[PDB]
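Shown here is one chain on its own, the form deposited in one PDB entry, set out as structure tokens.
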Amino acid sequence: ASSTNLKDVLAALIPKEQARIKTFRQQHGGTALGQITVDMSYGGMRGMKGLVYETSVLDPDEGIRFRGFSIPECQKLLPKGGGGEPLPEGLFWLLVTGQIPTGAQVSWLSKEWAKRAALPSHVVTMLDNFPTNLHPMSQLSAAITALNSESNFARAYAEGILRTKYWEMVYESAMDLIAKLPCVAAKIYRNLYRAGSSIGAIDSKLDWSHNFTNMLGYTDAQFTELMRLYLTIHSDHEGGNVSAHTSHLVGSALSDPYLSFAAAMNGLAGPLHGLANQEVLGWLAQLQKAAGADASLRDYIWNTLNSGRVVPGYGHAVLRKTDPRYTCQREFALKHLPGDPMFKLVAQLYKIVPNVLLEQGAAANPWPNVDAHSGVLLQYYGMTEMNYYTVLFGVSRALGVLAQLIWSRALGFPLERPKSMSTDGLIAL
């Protein structure tokens, strides 16, 4: 008997994994997987194997994998709206469960995320009173903190449920959070950029991406496809990235999913992280102000470097090759917006930047990362408010970090609490 329910599948999956990780540890817990050096410690844990994070794994050379699925594999395997790009809904199923969903599974996520998307009056209030000089990432993160009022996990805990059931309330709060996100994000958009307008209603019959582009106010049918692609690829990027790691750290202490996502956002907002989104456009925007020569392009790049700034959109803590997400995005431009002058500048930069970065001899990875290519896409469709881009990253990111959050608590991962040391201390060691 019966029909679709991710929670029921999860209920079947949790014990098996539990069992699976216990024996493995029973035989291998003592196994040394690596060493820790002084340089690693002073270096941002660079190179340290520190966390278990199941939904995605990043390879230095190949780039990110969703099961063990690459982006190109996803592109082909996840269901589409009708009509070429993968639905983030499907990606979500995949991350959570390990399996590729059927269209029908996927339609369930949509309907479910539509049913859940409702914003409480205190939140609508705050967002409406916020200043327009308050950064959109800020506005977003405060709003999601303010939603914790509603946490099902926070309430359950308060009531004293048994640890074992944590994963269950975490999942409710995760599905609700994901549902609400686009409404908060769009209300911010509308407030800042479309004063006096309203985000409108969620239509249970559309997919999450499309409802989002509706609330944003975009009509272009290719924009909708860009959206689906965007939110899918930005999903997850293994556990060690700042945003994911922050949510993992905060969530380990038993802060509900709302609070942990919000702190995640404060991390995504950093220039070295997701704000790169925005930094790239601004830097292009300056570049153009000051159709240029490779040589003038090269002078420009030098002057950034010489000034103690970074060139945004290039480099990566783990990747050592061009980000497939970058490729992914290039391939979308080549199809749809090949004559775009901003596009052409980004294509041209790919020719120079790496070379300049190899010349300088500092960046361990001179190739571009996702952020170098994403804004150019948005701008083309009319979405030119750059300080807003990171919000969109914020939205996607929720898919991966929440999908994992549920597993963490399901597997009972404890408090993340490493040892620190001071220089004096280490000097002495």
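Superpose the two forms; the largest set of C-alphas matching within 1.5 Å is the rigid core. The numbering used is simple: start at 1 and walk along the sequence shown.
- According to the record, no deposited residue between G196 and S197 is left without atomic coordinates.
- Counting the unmodelled positions of the deposited sequence between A221 and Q222 gives zero.
- For the segment pair 338-346 and 320-328, the entry gives 338-346 the higher mean B-factor, averaged over Cα atoms.
- Here the stretch with the larger average CA B-factor, out of 88-96 and 116-124, is 116-124.
- Across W108, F212, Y314, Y171, the greatest Cα temperature factor reported in the deposited entry is at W108.
- Per the PDB record, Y300 has a higher Cα B-factor than any other of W208, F153, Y300, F261.
- For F393, the recorded CA B-factor ranks within the lowest third of the chain. Only modelled residues enter the ranking.
- Remark: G81 belongs to the highest third of its chain, ranked by C-alpha B-factor as recorded.
- Among the modelled residues of the chain, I21 sits in the highest third by CA temperature factor in this PDB entry.
- Split the chain's modelled residues into thirds by C-alpha temperature factor. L415 is in the lowest one.
- Remark: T37 belongs to the lowest third of its chain, ranked by C-alpha B-factor as recorded.
Unshown form deposited in another entry; subsequent notes refer to it.
- Residue showing a CA shift of 2 Å or more between this form and the one not shown (rigid core superposed; candidates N211, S235, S173, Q278): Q278.
- With the core held fixed, the Cα of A364 is displaced between this form and the one not shown by 2 Å or more.
- With the core held fixed between this form and the one not shown, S121 has its Cα displaced by under 2 Å.
- Once both forms are fitted on their core, a CA shift of 2 Å or more is seen for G308 between this form and the one not shown.
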